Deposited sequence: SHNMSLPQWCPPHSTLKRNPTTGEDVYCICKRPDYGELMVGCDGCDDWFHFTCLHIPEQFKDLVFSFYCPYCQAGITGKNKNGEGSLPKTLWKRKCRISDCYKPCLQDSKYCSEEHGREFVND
C-alpha cells in the first residue's frame, strides 16, 4: 500500500544515484538537489536543505553545512585529491609538460 520513499520529492529508490544526509538518516537524489552526477565522489559530508535550516537535523549551537572534497587538479579527473597531494593518485601526478 505504498513503497518507501526518500528525498524532498518523496519518491521511492528506483535505482538512481543518491546521497545520505548526515543530520537525519534520509536519502536524496542528485537530480533533485541539482548537483551534477560527475561530482559523485567529491562530497565529504552532505547535509540536506532541511538539516542546514535546523528543521530536522540534530542540533539543539551552529547549523551543519555540506562539505566538499578537493578535486584532482587534472581538468579531466573528477576524483578527490589524496592527503597533501593535489592529485587523486600517482597515475595523475604530473604538473608540467616537461
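Residues of the deposited sequence missing from the coordinate set occupy positions 1 to 21, 82 to 84, 123.
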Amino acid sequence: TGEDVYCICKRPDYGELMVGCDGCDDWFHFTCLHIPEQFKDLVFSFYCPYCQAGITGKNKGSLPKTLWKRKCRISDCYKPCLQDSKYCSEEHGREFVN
From here on, numbers count along this sequence of modelled residues.
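Relative to one another, 6 to 14 and 83 to 91 have unequal mean CA B-factors, and 83 to 91 is the one with the higher figure. Among 69, 29, 58, 65, the highest C-alpha B-factor in the deposited entry belongs to 58.
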